[PDB]
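Residues: numbered from 1 along the sequence shown. Values below: all heavy atoms of this structure, side chains included; hydrogens, waters and symmetry mates excluded.
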Amino acid sequence: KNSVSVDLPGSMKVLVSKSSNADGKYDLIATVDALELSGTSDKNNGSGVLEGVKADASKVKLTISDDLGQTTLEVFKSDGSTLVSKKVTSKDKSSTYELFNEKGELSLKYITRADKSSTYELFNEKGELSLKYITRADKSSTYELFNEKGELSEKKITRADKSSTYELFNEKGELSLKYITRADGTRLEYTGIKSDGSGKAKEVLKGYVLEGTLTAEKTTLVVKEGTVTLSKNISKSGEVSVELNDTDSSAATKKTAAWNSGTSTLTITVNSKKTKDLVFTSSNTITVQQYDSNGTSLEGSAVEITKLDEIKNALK
């Protein structure tokens with residue numbers, strides 16, 4: 001026919017006859033997710049109502065507002081009254097999609113908007129929220145999954161700088177696992193978390209992993225090489241303190257260390273002579289630098305550690 005294709009909110013197209021019929025009306029045809037719909041409108045721009053029937057006897061109504069600014073796609077049961085789904089989209093790309101349960105209440109609601117923020121919600125058979133995933137215009141998000149009892153089972157909060165906190169709870173809704181991912185990608189992993197707040201810790205750094213424990217007061221990661229044990233403590237405030245302990249009583253080879261929290265540096269000494277500086281950086285790296293053989297001042301440049309063995313080597 002002489003028809004015009006018209007683009008519609010919601011990534012749909014309608015075809016509207018160019019010629020009015022005897023009654024002053026225009027025929028409309030449109031395929032939406034493979035299904036052909038049809039209507040007759042008194043308007044000639046693509047607005048109006050189209051209808052179609054699916055092979056499962058479901059009934060589909062598309063309503064297009066006068067100014068083409070908004071479309072409503074409804075899916076009904078075979079009675080053409082009981083709702084299955086409804087999708088409303090605007091010209092600015094904002095849209096709400098709703099799926100209905102046999103009760104006639106929402107089982108799913110999903111809004112996606114202009115700035116590309118969105119909210120996705122599932123509702124259980126009680127009418128209660130069972131999952132919520134919200135994404136923001138800066139790509140931050142929060143995800144919550146609840147269990148049948150309505151307690152939290154899984155939670156992830158992701159920030160705009162890409163840092164995140166991921167939590168898993170057991171079947172009683174108690175915290176079991178927590179991953180804290182930093183903005184730079186490094187991670188603190190807490191597993192086997194117990195009622196008393198202690199558990200296993202790992203810090204995942206770029207190239208290597210430290211292991212340790214969590215207690216009520218702090219996280220302490222430990223590297224041991226022979227008689228020497230290095231401990232990195234992270235306090236509740238995020239404050240780091242480092243300790244070195246050497247079970248070697250030999251005055252000639254025993255390591256002792258002095259921490260400086262102002263410079264986040266542990267200085268190691270052997271036989272009254274400084275041997276190296278281990279610096280615990282705000283960038284979640286560890287550098288090692290040696291002194292000269294008199295122990296007077298640092299030589300060379302600091303080397304950034306990328307493997308656990310390098311830490312071990314520094315403690316020999």
Side-chain angles (χ1 to χ4, degrees), residues 1-137 139 141 143:
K1 8 240 93 108
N2 52 348
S3 265
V4 174
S5 193
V6 179
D7 288 310
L8 303 175
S11 279
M12 293 180 286
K13 224 172 280 262
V14 61
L15 271 315
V16 189
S17 71
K18 271 173 158 182
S19 277
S20 63
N21 75 12
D23 303 305
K25 291 187 170 183
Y26 306 88
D27 291 338
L28 302 180
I29 272 100
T31 310
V32 186
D33 209 20
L35 176 82
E36 276 188 21
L37 307 183
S38 76
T40 299
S41 183
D42 37 355
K43 283 254 283 152
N44 72 168
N45 68 342
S47 56
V49 181
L50 296 87
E51 292 153 48
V53 179
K54 288 168 61 33
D56 70 0
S58 288
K59 311 303 186 230
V60 184
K61 198 198 183 179
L62 171 58
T63 304
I64 304 161
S65 69
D66 286 5
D67 68 6
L68 311 172
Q70 182 200 110
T71 55
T72 302
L73 183 67
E74 285 163 312
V75 185
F76 303 99
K77 299 299 197 108
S78 66
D79 58 0
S81 137
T82 315
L83 258 190
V84 175
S85 65
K86 187 192 201 191
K87 190 170 188 180
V88 189
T89 307
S90 255
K91 204 103 256 182
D92 63 13
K93 276 60 168 53
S94 56
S95 81
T96 89
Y97 180 73
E98 291 163 299
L99 251 41
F100 300 89
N101 62 22
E102 20 236 344
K103 200 177 315 91
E105 295 184 324
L106 275 165
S107 63
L108 180 152
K109 184 153 196 48
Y110 176 41
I111 307 167
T112 62
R113 340 167 168 71
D115 65 9
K116 317 200 100 146
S117 50
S118 72
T119 71
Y120 179 96
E121 294 172 297
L122 302 181
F123 305 91
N124 65 19
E125 221 74 56
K126 278 155 66 153
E128 180 188 67
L129 185 73
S130 58
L131 188 167
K132 180 172 160 183
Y133 181 30
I134 276 184
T135 301
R136 291 185 169 160
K139 212 254 192 98
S141 67
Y143 169 87

Is it true that atom [atom1] of [X] has more than 12 heavy atoms of other residues, nucleotides or ligands lying nearer than 6.0 Å?
{"X": "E128", "atom1": "CD", "value": "yes"}
{"X": "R136", "atom1": "CZ", "value": "no"}
{"X": "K59", "atom1": "NZ", "value": "yes"}

Listed by chain and number, what are the side-chain contact (heavy atoms from CB on, under 4.5 Å) partners of [X], not counting sequence neighbours?
{"X": "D33", "value": "none"}
{"X": "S65", "value": "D67, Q70"}
{"X": "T89", "value": "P9, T71, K87, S95"}
{"X": "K77", "value": "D79, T82, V84"}

Q | Partners meeting salt bridge (charged side-chain N to carboxylate O under 4.0 Å, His left out) with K126 (sequence neighbours left out) | A |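 Salt bridge (charged side-chain N to carboxylate O under 4.0 Å, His left out) list for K126, sorted by chain: empty.
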Q: Can you sort out the partners of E98 under salt bridge (charged side-chain N to carboxylate O under 4.0 Å, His left out), two or more places apart, ordered by chain and number?
A: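 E98: salt bridge (charged side-chain N to carboxylate O under 4.0 Å, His left out) contacts with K109.
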Q: For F100, check ring pair (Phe, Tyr, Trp, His ring centres under 6.0 Å) against everything at least two apart and list the hits.
A: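 None.
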Anything under 3.5 Å between a donor and an acceptor, one on a side chain of residues 43-52, the other on a protein residue two or more places apart or in another chain? List them.
unit_1	atom_1	unit_2	atom_2	d
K43	NZ	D66	O	3.2
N45	OD1	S47	N	2.9
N45	OD1	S47	OG	2.7
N45	ND2	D66	O	2.7

Atom pair [atom1]/[atom2] of [X] and [Y] - distance to nearest 0.5 Å:
{"X": "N21", "Y": "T40", "atom1": "CG", "atom2": "OG1", "value": "7.0 Å"}
{"X": "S19", "Y": "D27", "atom1": "OG", "atom2": "CG", "value": "10.5 Å"}
{"X": "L28", "Y": "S17", "atom1": "CG", "atom2": "OG", "value": "7.5 Å"}
{"X": "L37", "Y": "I29", "atom1": "CG", "atom2": "CD1", "value": "10.0 Å"}

Can you list the residues that meet the side chain to side chain donor-acceptor pair (under 3.5 Å) rule with [X], with sequence neighbours excluded?
{"X": "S94", "answer": "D92"}
{"X": "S78", "answer": "none"}
{"X": "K13", "answer": "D7"}
{"X": "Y120", "answer": "none"}

Q: Just do the side chain to side chain contact (heavy atoms under 4.5 Å, CB included) check on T135 and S117 with the steps written out, would you?
A: CA-CA 5 Å; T135 301; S117 50; 5.9 Å; no
Q. Knowing that exactly one of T72, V32, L35 qualifies, which makes a side chain to side chain contact (heavy atoms under 4.5 Å, CB included) with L62?
A.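 Between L62 and the candidates, side chain to side chain contact (heavy atoms under 4.5 Å, CB included) is satisfied uniquely by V32.
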Q: Taking the side chain as every heavy atom from C-beta outward, state whether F76 and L83 have any atom pair closer than 4.5 Å.
A: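 Yes - at least one pair of side-chain heavy atoms lies under 4.5 Å apart.
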